[PDB]
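Inspection log for the structure reproduced underneath, given as structure tokens.
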Amino acid sequence: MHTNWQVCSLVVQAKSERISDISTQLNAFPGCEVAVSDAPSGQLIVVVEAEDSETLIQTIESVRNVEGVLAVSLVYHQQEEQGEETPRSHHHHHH
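Here it is as structure tokens:
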């Protein structure tokens, strides 16, 4: 099915010299499109669209595993999971 997926822009700070290699490689990722490419600053805007939030993470983490990327600033970020000290209502019923 077509799930309610989310797109996320990535401000990729990378080696300004190596921008051509990095952009080419990143645009070859699944769901990743290089929208904006500013070679002078080393900024690559990559928009990633993925089905589930976790599928997005799987993809974005791979983006951050490229040599050339210095910092990936995710335009859409949440807090850490942290852990809930007192759980909420779960409705996992077998019956």
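Each residue of the sequence shown is one higher than the one before, counting from 1 in the deposited numbering.
Note that CB positions come from ideal geometry on N, CA and C, so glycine has one too.
Within 8 Å, strictly: CB atoms of residue i and residue j
i, j, result
"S53", "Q6", "yes"
"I22", "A14", "yes"
"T3", "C32", "no"
"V48", "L56", "yes"
Proximal residues to residue i (C-beta, below 8 Å), its chain only, five neighbours per side dropped
i, result
"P40", "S16"
"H95", "none"
Buried versus exposed call for residue i [16 or more other C-beta atoms within 10 Å across all chains shown]
i, result
"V63", "buried"
"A50", "buried"
Cutoff 7 Å; reference residue i; Cβ partners in own chain excluding five residues on either side
i, result
"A71", "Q13"
"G42", "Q13, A14, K15, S16 and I19"
"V75", "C8, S9, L10 and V11"
"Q25", "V66"
"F29", "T59, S62 and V63"
Contact set for residue i: own chain, Cβ-Cβ below 6 Å, skip 5 residues either direction
i, result
"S37", "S23 and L44"
Opening and closing residue of the beta strand (DSSP E) in which residue i lies
i, result
"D38", "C32 to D38"
"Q13", "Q6 to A14"
"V47", "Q43 to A50"
"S73", "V69 to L74"
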